[PDB]
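> Got a structure for you, written out below as structure tokens; questions coming shortly.
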Amino acid sequence: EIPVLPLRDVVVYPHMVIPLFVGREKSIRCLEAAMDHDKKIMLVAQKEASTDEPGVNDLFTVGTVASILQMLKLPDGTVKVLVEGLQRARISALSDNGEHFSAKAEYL
Amino acid sequence: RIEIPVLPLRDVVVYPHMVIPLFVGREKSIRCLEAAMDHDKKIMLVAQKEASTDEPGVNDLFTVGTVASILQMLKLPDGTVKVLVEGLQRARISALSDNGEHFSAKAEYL
Amino acid sequence: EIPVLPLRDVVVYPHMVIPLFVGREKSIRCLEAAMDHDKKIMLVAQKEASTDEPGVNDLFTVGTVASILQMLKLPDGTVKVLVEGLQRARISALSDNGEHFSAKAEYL
Amino acid sequence: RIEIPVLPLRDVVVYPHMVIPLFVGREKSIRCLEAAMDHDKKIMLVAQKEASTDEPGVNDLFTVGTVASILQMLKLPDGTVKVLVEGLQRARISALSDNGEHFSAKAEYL
Amino acid sequence: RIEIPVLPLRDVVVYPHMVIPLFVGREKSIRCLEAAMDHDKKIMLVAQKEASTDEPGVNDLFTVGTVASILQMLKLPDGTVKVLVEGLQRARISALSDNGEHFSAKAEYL
Amino acid sequence: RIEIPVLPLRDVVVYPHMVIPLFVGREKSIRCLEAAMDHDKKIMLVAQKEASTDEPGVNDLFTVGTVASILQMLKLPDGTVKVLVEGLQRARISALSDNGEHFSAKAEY
Amino acid sequence: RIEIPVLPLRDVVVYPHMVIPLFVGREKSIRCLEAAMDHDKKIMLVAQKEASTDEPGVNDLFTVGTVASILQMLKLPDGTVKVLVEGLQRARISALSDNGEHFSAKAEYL
Amino acid sequence: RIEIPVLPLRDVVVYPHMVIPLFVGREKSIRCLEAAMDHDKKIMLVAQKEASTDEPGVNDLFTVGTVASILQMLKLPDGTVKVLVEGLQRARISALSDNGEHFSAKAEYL
């Protein structure tokens, strides 16, 4: 139902518009998944922000569904993505298929 | 040409004049902030490259970042720390190191 | 119940941190009034308009209570105030008590 | 050197690289946004002086600003506008004019 | 960035410009050398974090090393391989894996 | 008649006249080094075969080696050692043993 | 920035981290070594430019080389010398001189 | 005995099994290398004594050296060569001859 992007450094809330930097392949995979759909992605913070390769157990289950407004792939392959927080949601079934995180969300 | 603590960032690029709340929840990064709080409250913000380790090492950061000042540092009940920063100016780091406590580097203001 | 700072150019929401620049003496009085109390002010958007300045009927009804993290008078006298949104509130009654706007708010 | 529509900002200051959703509620400013839209989506953000009103005159504006790109613009039914801008670069204004429809400036990038 | 076989080293450290004869007697490390000889004859030499084991796992290896060219490789009758290598340049590892056959890295020259 | 402490090596073969810094992180191997230091500074460098256990036994070592002198030994902060050696002479090992502390070899000079 | 004796090397190039046994049969070079020993054992190793004799003059020496430590030194029965050195780090030399007794220079660690 | 080209060395003593990069700039010494390459790639490495003449006579060369194999010859931008050699076996030279192109010697293995 929706790709999930883990965020460690910032906490994005509804109405915030923020340019994010995404240099990890999996997370890039995650953005592309959202683009291939309706540009919506689920932003969640990490319980333990201590690892940059979180597992499903390291993600919070409430976050902010956001829309991807602009995305551009830089020379080195890293991505700059502009997102806008739309509204809060709860995650219900965090899955990890290898490609990127995904889940079923319920708008709050 | 200055010696300054280094906070690695994964999700955002902070430019001069930006004022933003960052959340830090890693020992060495938290010690980085406190190191700066002790001195002139300034810290070097630099993006990290993808690495295979839980936390990036001295060889996993870009070379140009933004020197920022810590406007507010506030520990949170969940164990993390919200740190409000203001970007002052870009700088390039030349000799990054990890002395156990936190990363540190030599920076040249650009 | 709370001093009201009208904003023409941005709609500040809970969790947003942003520097505001205040050059109207009335607005400056508004800030001082909050610093005498608990440092909170209510940020309220100005409605479409043509007059030189807003009056008690020219603001929106829902705003954002925020705390003043810091202030600083600039050489020209304009005040630079760093604010942080906390939560939304509905304006019950908005008055212009001669010195600055004030309102009875209701947290949402 | 360029000629560009000028949008006065009272509450905030925008610099290069900052992305910010702005709110506009005055018709003259709406026209200025449209003038940019009818060209290259570039608009010049200029701060207002001390205690100028919401109907500033040319002498009430600063002589420097941030040229920005309009990333998104939505006109609400209520006659108000929401415009998402990204600051690109600063510029110096050599001449600021009010040509009846909105402010305009001959400016040079800094 | 390159993808390259990773050979762990326990007894010695190899830096750029060093030319040295290495003896390789473990099957996995031998496959590492054979894989390099099928690619472009380059291998990345990395120190081990745990010097007490001869069967390091991906977490037992450093994530920075010396990319070296194999100048000569000879398979001896005692089951070992003598490989002459020349250190070329340091590199960082962005991703380290063990496909069962040998260690492989996605690496970036420094 | 003389037992020489044995240092098992995995990555290089040291020949006479070669000088090289070796990094030794195994406790038993450091004991071998310590024993040489209490006597002669002489050690027998011997190649190890890929053992089934991670702790090699006498049967996991070649029976030829290089008698070498320890020129310098530096104890590192992590407890590991960097020892600079000079190969002196190759020799067949007539007997190889593990006196419960470190390996030892009788050399056929 | 230090003053250090300069030993020219024709046949090899010593880089940081290399440990190498050197043969020093020329009188002047022996004095060079002896002088480094009378101080802190440090010595500047420099390469020779093409078409230079075995009696180089100051214009025959490169100006960037390797500062090294003299680990061991032995004068043989024939007056010849065996010296063991370890390269520590590159340095650029300025003010290269020759008082007749041995080359010397002021150097700055790179 | 065997006939083999001779390369005098001043700074290092190469022994069997050693592999090392030698830098050779003297035209005559390069011809020495090229002659070896046009045969079996073996050259006799011999140390030289400080002599009054920079073109050593038989009495300016030690009599025992090491026959080495040329593993690689790389031209350098300054007109000189960097040659990778592997010592093979000690040999005694009994005659030195300057065939006008490069030194040559009759040598006895061991």
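Going through the structure tokens in order, the chains are called A, B, and so on, while each chain numbers its residues from 1 and the ligands are numbered from 1 in the order shown.
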Apply DSSP to the backbone of this structure and, from chain G, keep only the residues in helix (DSSP H, G or I); write these as JSON, numbers by chain.
{"G": [27, 28, 29, 30, 31, 32, 33, 34, 35, 36, 37, 58, 59, 60]}
> Counting only C-alpha atoms, what is within 9 Å of residue G:103, bar same-chain residues fewer than 3 positions away, as a ChimeraX atom specification?
/G:4-8,28-29,32,57-58,96-100
> Kindly determine which residues of chain B lie within 9 Å of chain A, considering only C-alpha atoms, and give the answer as number ranges by chain.
B: 9-13, 20-27, 47-56, 80
> The selected residues should be written to file as a compact mmCIF listing (two decimals), in the first residue's frame (atoms: C-alpha atoms).

# COMPACT_ATOMS: atom_id res chain seq x y z
CA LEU B 9 24.28 14.11 8.47
CA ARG B 10 22.40 11.53 6.49
CA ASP B 11 19.06 13.09 5.47
CA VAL B 12 19.52 16.81 4.95
CA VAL B 13 21.97 19.32 3.46
CA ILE B 20 16.69 23.77 11.51
CA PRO B 21 15.92 21.31 14.37
CA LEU B 22 18.11 18.22 14.11
CA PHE B 23 17.62 15.06 16.16
CA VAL B 24 20.68 13.18 17.26
CA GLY B 25 20.67 9.78 18.90
CA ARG B 26 24.16 8.31 18.76
CA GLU B 27 26.76 8.51 21.46
CA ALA B 47 26.87 14.66 4.69
CA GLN B 48 27.72 10.94 4.91
CA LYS B 49 28.18 8.59 2.02
CA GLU B 50 26.52 5.17 2.13
CA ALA B 51 28.66 2.80 4.27
CA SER B 52 28.33 -0.83 5.34
CA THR B 53 28.82 -0.06 9.05
CA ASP B 54 26.02 1.02 11.44
CA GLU B 55 27.65 4.38 11.75
CA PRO B 56 29.94 6.01 9.15
CA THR B 80 17.39 11.53 22.01
> Restricting the calculation to only C-alpha atoms: of F:100, F:56, F:77, F:65, which residue gets closest to chain E?
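Closest residue, counting only C-alpha atoms: F:56.
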> Give me, as a tab-separated table, each residue of stretch 61-90 of chain F that comes within 12 Å of stretch 37-40 of chain F, together with its shortest interatomic pair and the distance in Å at one decimal, counting only C-alpha atoms, with rows ordered by chain and rising residue number.

residue	atom	partner	partner_atom	distance
F:67	CA	F:40	CA	11.4
F:68	CA	F:40	CA	10.3
F:69	CA	F:40	CA	7.9
F:70	CA	F:37	CA	7.9
F:71	CA	F:37	CA	10.1
F:72	CA	F:37	CA	9.9
F:73	CA	F:37	CA	9.1
F:83	CA	F:37	CA	11.2
> Once the least-squares fit of chain A onto chain C is done over all Cα atoms matched in order, how many Å of RMSD are left?
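When all C-alpha atoms are superposed, the deviation is 1.0 Å.
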